[PDB]
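Presented as structure tokens, the chain that follows is alone, the form deposited in one PDB entry.
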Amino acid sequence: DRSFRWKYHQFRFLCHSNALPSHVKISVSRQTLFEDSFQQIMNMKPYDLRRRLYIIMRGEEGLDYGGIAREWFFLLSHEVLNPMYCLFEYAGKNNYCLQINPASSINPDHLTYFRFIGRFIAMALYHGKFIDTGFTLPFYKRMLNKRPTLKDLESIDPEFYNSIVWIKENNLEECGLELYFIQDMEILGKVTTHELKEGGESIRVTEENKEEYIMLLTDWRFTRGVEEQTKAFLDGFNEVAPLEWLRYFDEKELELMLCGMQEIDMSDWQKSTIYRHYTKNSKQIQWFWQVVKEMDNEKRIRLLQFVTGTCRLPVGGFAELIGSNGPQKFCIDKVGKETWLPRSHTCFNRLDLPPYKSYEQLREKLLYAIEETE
């Protein structure tokens, strides 16, 4: 019910309201960016990171405190992704859908490195600086105490999502399916079992079990093997910026606070859009682009997040979009009835746009979905 501008003013205000005087110096070189930053920030007291940041890129002498800070935040937000640290991995091909590495304990300091990354992200928000690390909306949901949903599974694992939907909409007592409330996990060669609930090894999934099994399994699909690393990140953040300060944001708004808003190239978008059952000459498609033309930039980004799962664009624009199974341009499909809302498949960067009866119908249903659904 509250707008993003209002929420941004109310958060910034609360940061401005908890500031400290003076400054902190952080000295790094381009070649030891990560290690210098890690030590200096972690041997500092967390609240002191709310003071004015003086980042020294030792050797570079082009300066501007807010410009070197800007550059630092960017470079380091990438350097934490270095595979040598074994902290992160991708659920899909071509660096699609970042997630914490369950095997990260092969790095004996991983929990301390994650608490450092937590601090670094809170420093970015607190100082209004931007990062390009590429966290997913479910990761942001966790920062806002939002539980991942059935829809979210399709982003990380469309086949898992479809198997859960099938269970959700079939009769278990009619097909012979035998499942139990327990999951196998193999991390670094060690295979472990996790009970979804007490005694779940012996509890079989029935029609009367189903809904509970699905929501316990959904949570487990996002939390498995990364509980301790995730806790270390959240603590590191909370040390610097109380997580309580994010109470009003949703996950898509939080991603904008950390990534920054940039102006969306309308031509790049339309040239790189592909169509299923529709064409570029379809009634509803030409209506679609009128609704997008009438949107302000804030709402276009929101449309991008609804369909693709992020506001971030690759190098080379919309032609280079990535899905769960590889390259995957923005796509619009004729799916659904006139009584449905538009729904997205973020793994395929797809908008199921029903064959609406009027421009006014499409405009209201599109704007409603991009604002209230995911």
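Residue indices: 1-based, along the sequence shown. In this text, the rigid core denotes the largest set of C-alpha atoms whose superposition between the two forms falls within 1.5 Å.
Does residue 177 have no coordinates in at least a third of the other PDB entries examined?
Yes: coordinates for residue 177 absent from at least a third of the compared entries.
Using a one-third cut-off over the other compared PDB entries, is residue 194 one of the residues left without coordinates?
Yes: coordinates for residue 194 absent from at least a third of the compared entries.
Quick one: higher average CA temperature factor, 301 to 309 or 334 to 342?
According to the PDB entry, the answer is 334 to 342.
26 to 34 versus 318 to 326 - greater average Cα B-factor per the deposited record
Between 318 to 326 and 26 to 34, it is 26 to 34.
Out of 236, 138, 199, 225, which one has a C-alpha B factor higher than all the others in the entry?
Each of 236, 138, 199, 225 was compared by C-alpha B-factor; the highest is 199.
Quick one: which of 191, 111, 144, 124 shows the highest Cα temperature factor in the PDB entry?
The C-alpha B-factor peaks, among 191, 111, 144, 124, at 191.
Mind checking which third residue 11 falls in for C-alpha B-factor across the chain?
Highest third, going by the recorded CA B-factors of the chain.
Residue 176 - which third its CA temperature factor falls in, relative to the rest of the chain:
For residue 176, the deposited C-alpha B-factor lands in the highest third.
How does the C-alpha B factor of residue 261 compare with the rest of the chain: lowest, middle or highest third?
It belongs to the middle third of the chain when residues are ordered by C-alpha B-factor.
Can you tell me whether residue 243 has a C-alpha B-factor in the lowest, middle or highest third compared with the other modelled residues of the same chain?
For residue 243, whose C-alpha B-factor we compare with every modelled residue in the chain, the answer is the lowest third.
Once the chain's modelled residues are ordered by C-alpha B factor and cut into thirds, is residue 71 in the lowest, middle or highest one?
Residue 71: CA B-factor falls in the highest third of its chain.
We do not show the form deposited with a partner chain bound, though everything after this point is about it.
Does residue 132 reach its partner chain in the bound PDB entry, with heavy atoms at most 4.5 Å apart?
Because a heavy atom of residue 132 falls inside 4.5 Å of its partner chain in the bound PDB entry, the answer is yes.
Whether residue 251 contacts its partner chain in the bound PDB entry should be assessed with a 4.5 Å heavy atom distance threshold; does it?
Flag for residue 251 set to no.
Do residue 100 and its partner chain share at least one heavy atom pair within 4.5 Å in the bound PDB entry?
Close contact is absent here: in the bound PDB entry, residue 100 is far from its partner chain, nothing within 4.5 Å, heavy atoms only.
Does residue 198 reach its partner chain in the bound PDB entry, with heavy atoms at most 4.5 Å apart?
Looking in the bound PDB entry, residue contacts with its partner chain do not include residue 198, since no heavy atom lies within 4.5 Å.
Would you mind picking the one in 266, 91, 261, 188 that has a heavy atom within 4.5 Å of its partner chain in the bound PDB entry?
Contact with its partner chain in the bound PDB entry is made by 261 alone.
At 4.5 angstroms, heavy atoms only, are 19, 146 and 241 all close to its partner chain in the bound PDB entry?
No.
Pick the stretch from 278 to 286, 231 to 239, 73 to 81, 105 to 113 whose residues have a heavy atom within 4.5 Å of its partner chain in the bound PDB entry.
Partner-contacting stretch among the options: 73 to 81.
Displaced residue between this form and the one not shown, judged on C-alpha after the rigid core is fitted, out of 227, 132, 79, 173 (threshold 2 Å or more):
It is 173; the other listed residues stay below 2 Å.
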